[PDB]
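Here's a solo chain for you in structure tokens, the form deposited in one PDB entry.
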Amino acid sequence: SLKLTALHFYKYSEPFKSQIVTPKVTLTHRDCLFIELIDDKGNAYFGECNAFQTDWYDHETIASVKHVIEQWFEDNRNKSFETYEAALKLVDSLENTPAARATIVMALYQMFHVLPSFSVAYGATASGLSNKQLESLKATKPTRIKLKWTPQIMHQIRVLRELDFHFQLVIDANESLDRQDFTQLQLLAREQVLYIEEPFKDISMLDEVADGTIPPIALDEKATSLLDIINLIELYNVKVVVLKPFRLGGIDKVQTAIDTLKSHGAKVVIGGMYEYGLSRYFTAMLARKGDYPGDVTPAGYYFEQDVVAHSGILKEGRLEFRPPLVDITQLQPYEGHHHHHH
């Protein structure tokens, strides 16, 4: 049997190697909330929250999650549970706050499973084709390349198809295309594109092009909740869904979501978002459940220093993962007398 006796909040905030610049936000650092739950035997387990400092991506933030988890602990502390299933029952009331729920579930999961060491396929992401990017692709030989849609897309695919290795091609249009892009979208269909992520901000635009004359469509930004994903699938021609575990409420909600989405005729790709090494491990762990290889980010892609080192090290086309062990000296108390600044 187990009982949760203590809860501590920490913060980690490393700078992005390359400043993040998107229409929705500018990020210099990845502020992140971490929780630590200690059981009645003094065993500590950590959870990584995927919420951001502000609501540019979602309504849940680091602050809102902290408050939710803090209250949750007050209501569940000292309660005994003997199984993972029983543990999950305590968070059933947090389904309205998926980011908070997912953070707690990440910790609970570790209390009942022996974490394996494993690898996942390496999928490269290119926002363009600089020499640095091209040389990286040639040296690493990814089995999948996700190219960002830009005015140079066709001129860049021409270069990629001359690489000496075969790969699946995915295009990410970032909800940026318009009616003037129809012709190129149809031409892209002849380039063996596995799927194109979010061609239009207004998904209804899909009804304006002949079905089957453009690449398979995937939801990413629009894959907000299982219910909403199903609603979009039933209304528009969607074939692929990029699922982020935290948006579903956590690790335990992934399989059921995948089964449901498959019953609706959609394929699933597990993905992450600016994660540190702890959450990255679990996103990678779930990757195998998908119909296509997961969208797992390599170690060191965003941050020079991580809270969990060697989490997703690229080796001969695959990302290697080890059971995640948080380096506590990297974490800082979230608030209180022990939260210091210099």
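The first residue of the sequence shown is number 1, and the count goes up from there. Under this definition, the rigid core comprises the largest set of C-alpha atoms superposing within 1.5 Å between the forms.
The form deposited in another entry exists for this protein as well; it is not shown, and the discussion that follows is about that form.
Here the rigid core is superposed between this form and the one not shown, and of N78, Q71, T183, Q192 the C-alpha of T183 is the only one to shift by 2 Å or more. Remark: with the core as the superposition reference, the CA shift of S204 between this form and the one not shown reaches 2 Å or more.
After superposing the rigid core, the Cα of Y109 is displaced by less than 2 Å between this form and the one not shown. Once both forms are fitted on their core, a CA shift of 2 Å or more is seen for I233 between this form and the one not shown.
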